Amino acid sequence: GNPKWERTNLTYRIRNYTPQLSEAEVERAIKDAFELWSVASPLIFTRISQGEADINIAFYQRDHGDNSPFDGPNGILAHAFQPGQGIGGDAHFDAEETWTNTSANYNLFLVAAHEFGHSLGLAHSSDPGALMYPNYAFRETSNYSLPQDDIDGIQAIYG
């Protein structure tokens, strides 16, 4: 339905952490993941440590109150809701995963980056090179930039 945010400065909050990474590694992964979309659009992402952000980020297991349960290790890594009020925009990560910042399954930055596409209103692409491809695979992250198909997608929505 072409659901999109109607402001360019959006806020986010990290509500909890996974045990497999320092808080600063989680924080860094989320920040970089938002930055990939920011360098390609008018969107500006601002962190809050509490209170009511546009995008809540959380790690949960199995049933977690939104009627799309997670499934234990592998399979669904994360999900995220389309722009909108309330749960709109929020991104949940399967606490049962191995979460890394290395080439080993699963790179938290890469999964967040994909999820935030969904959070900003993108659907999946059929382009096997795109971030918004429906399946995960690791790609070099040390200066990962948005693939051109995903630049096209975010620009199509937000300029």
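Heads up: residue numbers just count along the shown sequence, starting at 1.
Once the C-alpha B-factors are averaged per stretch, 125 to 133 and 98 to 106 rank with 98 to 106 first. Relative to its counterpart among 43 to 51 and 28 to 36, 43 to 51 has the higher mean temperature factor, C-alpha atoms as listed in the PDB entry. When the modelled residues of the chain are ordered by their C-alpha B factor, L21 lands in the highest third. In the deposited entry, the Cα temperature factor of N56 places it in the middle third of its chain's modelled residues. When the modelled residues of the chain are ordered by C-alpha B-factor, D149 sits in the lowest third.
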